[PDB]
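Trainee: Here is my input; please provide its structure:
(chains A and B)
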Protein chains: 2
Amino acid sequence: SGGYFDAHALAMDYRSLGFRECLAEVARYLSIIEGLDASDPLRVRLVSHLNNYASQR
Amino acid sequence: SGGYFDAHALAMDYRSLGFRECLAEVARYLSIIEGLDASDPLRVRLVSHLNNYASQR
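Mentor: Numbering: from 1, shown residues only, chains lettered A, B, ... in the order given. Shown next is the structure:
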(Lines give C-alpha, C1' and ligand atoms only; values in the text may rest on other atoms or scores of the structure.)
Protein backbone atom coordinates (compact mmCIF):
# COMPACT_ATOMS: atom_id res chain seq x y z
CA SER A 1 0.00 0.00 0.00
CA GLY A 2 1.06 3.59 -0.61
CA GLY A 3 4.67 3.96 -1.66
CA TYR A 4 5.37 0.38 -0.60
CA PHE A 5 5.08 -2.55 -2.98
CA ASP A 6 4.81 -6.11 -1.66
CA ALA A 7 7.74 -7.59 -3.59
CA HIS A 8 7.54 -10.66 -1.35
CA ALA A 9 4.10 -11.61 -2.68
CA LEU A 10 5.52 -11.10 -6.17
CA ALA A 11 8.40 -13.44 -5.37
CA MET A 12 5.91 -16.09 -4.27
CA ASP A 13 4.17 -15.92 -7.65
CA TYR A 14 7.27 -17.48 -9.16
CA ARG A 15 6.37 -20.79 -7.53
CA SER A 16 3.40 -21.36 -9.85
CA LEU A 17 5.56 -20.35 -12.82
CA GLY A 18 8.27 -22.82 -11.86
CA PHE A 19 5.63 -25.49 -11.29
CA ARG A 20 4.16 -24.92 -14.74
CA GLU A 21 7.61 -24.89 -16.35
CA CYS A 22 7.91 -28.48 -15.14
CA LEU A 23 4.36 -29.24 -16.28
CA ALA A 24 5.26 -27.98 -19.75
CA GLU A 25 8.40 -30.13 -19.79
CA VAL A 26 6.34 -33.15 -18.73
CA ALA A 27 4.02 -32.67 -21.70
CA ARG A 28 6.93 -32.12 -24.09
CA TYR A 29 8.86 -35.13 -22.80
CA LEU A 30 5.90 -37.52 -22.98
CA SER A 31 4.97 -36.25 -26.42
CA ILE A 32 8.38 -36.07 -28.08
CA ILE A 33 10.50 -38.59 -26.17
CA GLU A 34 7.95 -41.19 -25.04
CA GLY A 35 5.93 -40.64 -28.21
CA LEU A 36 2.59 -40.35 -26.42
CA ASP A 37 0.11 -38.45 -28.59
CA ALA A 38 -2.63 -36.05 -27.46
CA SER A 39 -5.04 -38.92 -26.78
CA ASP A 40 -2.77 -41.18 -24.73
CA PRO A 41 -4.54 -42.05 -21.44
CA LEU A 42 -1.50 -41.66 -19.18
CA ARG A 43 -0.28 -38.42 -20.75
CA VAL A 44 -3.73 -36.86 -20.38
CA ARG A 45 -4.23 -38.14 -16.83
CA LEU A 46 -0.82 -36.97 -15.59
CA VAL A 47 -0.83 -33.54 -17.21
CA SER A 48 -4.42 -32.83 -16.12
CA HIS A 49 -3.55 -33.96 -12.59
CA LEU A 50 -0.73 -31.40 -12.55
CA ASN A 51 -3.04 -28.70 -13.94
CA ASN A 52 -5.65 -29.40 -11.24
CA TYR A 53 -2.98 -29.55 -8.54
CA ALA A 54 -1.73 -26.10 -9.54
CA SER A 55 -5.22 -24.62 -9.81
CA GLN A 56 -6.11 -25.87 -6.32
CA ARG A 57 -3.10 -24.02 -4.91
CA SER B 1 23.20 -9.59 0.68
CA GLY B 2 23.23 -6.08 2.11
CA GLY B 3 20.72 -4.34 4.34
CA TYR B 4 17.76 -4.85 2.02
CA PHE B 5 15.23 -7.54 1.21
CA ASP B 6 16.32 -9.16 -2.06
CA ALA B 7 13.08 -10.13 -3.79
CA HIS B 8 15.03 -11.20 -6.88
CA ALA B 9 16.93 -13.98 -5.11
CA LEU B 10 13.76 -15.12 -3.36
CA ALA B 11 11.86 -15.20 -6.66
CA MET B 12 14.55 -17.42 -8.18
CA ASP B 13 14.28 -19.78 -5.22
CA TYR B 14 10.50 -19.98 -5.50
CA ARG B 15 10.87 -20.69 -9.21
CA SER B 16 13.25 -23.58 -8.55
CA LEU B 17 11.03 -24.76 -5.68
CA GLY B 18 7.87 -24.73 -7.77
CA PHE B 19 9.54 -26.80 -10.46
CA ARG B 20 10.60 -29.39 -7.87
CA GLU B 21 7.11 -29.45 -6.35
CA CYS B 22 5.74 -30.52 -9.73
CA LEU B 23 8.52 -33.10 -10.01
CA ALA B 24 7.60 -34.38 -6.55
CA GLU B 25 3.92 -34.61 -7.50
CA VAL B 26 4.79 -36.43 -10.73
CA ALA B 27 6.71 -39.09 -8.78
CA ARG B 28 3.99 -39.37 -6.13
CA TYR B 29 1.20 -39.48 -8.71
CA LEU B 30 2.87 -42.22 -10.73
CA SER B 31 3.49 -44.29 -7.61
CA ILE B 32 0.12 -43.83 -5.88
CA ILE B 33 -2.37 -43.22 -8.69
CA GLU B 34 -0.80 -45.07 -11.62
CA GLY B 35 0.70 -47.77 -9.41
CA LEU B 36 4.20 -47.61 -10.89
CA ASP B 37 6.88 -48.71 -8.41
CA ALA B 38 10.25 -46.96 -8.02
CA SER B 39 11.87 -49.22 -10.62
CA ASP B 40 9.22 -48.86 -13.33
CA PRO B 41 10.83 -47.94 -16.70
CA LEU B 42 8.52 -45.03 -17.53
CA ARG B 43 8.54 -43.58 -14.02
CA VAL B 44 12.31 -43.89 -13.84
CA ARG B 45 12.86 -42.16 -17.18
CA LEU B 46 10.41 -39.32 -16.54
CA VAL B 47 11.45 -38.59 -12.96
CA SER B 48 15.15 -38.82 -13.83
CA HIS B 49 14.64 -36.55 -16.88
CA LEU B 50 12.90 -33.88 -14.81
CA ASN B 51 15.43 -34.13 -12.00
CA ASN B 52 18.25 -33.63 -14.51
CA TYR B 53 16.35 -30.80 -16.21
CA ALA B 54 16.09 -29.05 -12.85
CA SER B 55 19.76 -29.44 -11.95
CA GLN B 56 20.70 -28.29 -15.45
CA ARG B 57 19.03 -24.96 -14.73
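Trainee: I'd like to know how far residue A:6 sits from chain B.
Mentor: Remark: distance between residue A:6 and chain B (CB to the nearest CB, to the nearest Å) = 9 Å. C-beta here means a position set from N, CA and C on the backbone, and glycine is covered the same way.
Trainee: Show me what whichever strand or helix holds residue A:42 packs onto, helices and strands only.
Mentor: Secondary structure assignment for residue A:42, by DSSP states H and E: helix A:41-56. Under the contact criterion of 3 or more CB pairs under 8 Å, 6 or more residues apart in numbering or on different chains; DSSP states H and E, helix A:41-56 touches helix A:14-28, helix B:7-32.
Trainee: quick one: that helix to helix A:14-28, angle?
Mentor: 170 degrees (axes from the mean of the first three to the mean of the last three CA atoms, to 10 degrees).
Trainee: what sits up against helix A:41-56?
Mentor: If you take CB atoms under 8 Å, 6 or more residues apart in numbering or on different chains as the criterion, helix A:41-56 is touched by A:16, A:19-20, A:22-23, A:26-27, A:30-31, A:34, A:36-38, B:22, B:25-26, B:29-30, B:33-34, B:42.
Trainee: switch to 10 Å and redo it
Mentor: With contact meaning CB atoms under 10 Å, 6 or more residues apart in numbering or on different chains, helix A:41-56 is reached by A:15-16, A:19-20, A:22-24, A:26-27, A:29-31, A:34-38, A:40, B:18, B:21-22, B:25-26, B:28-30, B:33-34, B:36, B:42, B:46.
Trainee: just the buried members of these?
Mentor: Among the contacts of helix A:41-56, the ones that count as buried by 16 or more other CB atoms under 10 Å in any protein chain shown are A:15-16, A:19-20, A:22-23, A:26-27, A:29-30, A:36, B:18, B:21-22, B:25-26, B:29-30, B:36, B:46.
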